[PDB]
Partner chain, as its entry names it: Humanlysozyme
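Have a look below at one chain only, the form solved without the partner chain, in structure tokens format.
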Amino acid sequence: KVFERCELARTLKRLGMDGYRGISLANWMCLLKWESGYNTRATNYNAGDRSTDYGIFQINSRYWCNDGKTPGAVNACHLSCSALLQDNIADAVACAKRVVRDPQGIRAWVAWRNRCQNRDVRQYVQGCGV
């Protein structure tokens, strides 16, 4: 599923993402926009280390989910990576909350640092009723 902007903003709000661990909705929206263009079946293979990024958050298989084909990987969200390819984003959201419970927080995603950090991200939630 490819979410429309405001539809996604309210979906995240309903799932408890607004201000989760100090992360605003606008930050999450900017992350998802740049990570997958709000696409839940987006997937990316990393040939350098044999890992794969899954779904709307582009969560990596080396540490967060199990796909059975990433060498020496772990599964911190205790989910099959297939769970991160569903149209329903509840499981991916639970995993993204798990990711930010770590020290780095939202900084876990390099893309967020590149195009969200220290930027005006207000535009991502404007007019969405959140």
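Positions refer to the first chain, counted from 1.
Enquirer: Going by the average Cα B-factor in the PDB entry, point out whether 42-50 or 97-105 comes out higher.
Expert: Result of the comparison: 42-50.
Enquirer: Highest mean C-alpha temperature factor of the two stretches 8-16 and 113-121, which is it?
Expert: 113-121 has the higher mean C-alpha B-factor.
Enquirer: Highest recorded C-alpha temperature factor, please, choosing from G72, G37, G55, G68.
Expert: Of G72, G37, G55, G68, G72 has the highest C-alpha B-factor.
Enquirer: Please say which third, lowest, middle or highest, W64 falls into when its CA temperature factor is compared across its chain.
Expert: Middle third, going by the recorded CA B-factors of the chain.
Enquirer: By its CA B factor, does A76 count among the lowest, middle or highest third of the modelled residues in the chain?
Expert: Answer is highest: the recorded C-alpha B-factor places it there.
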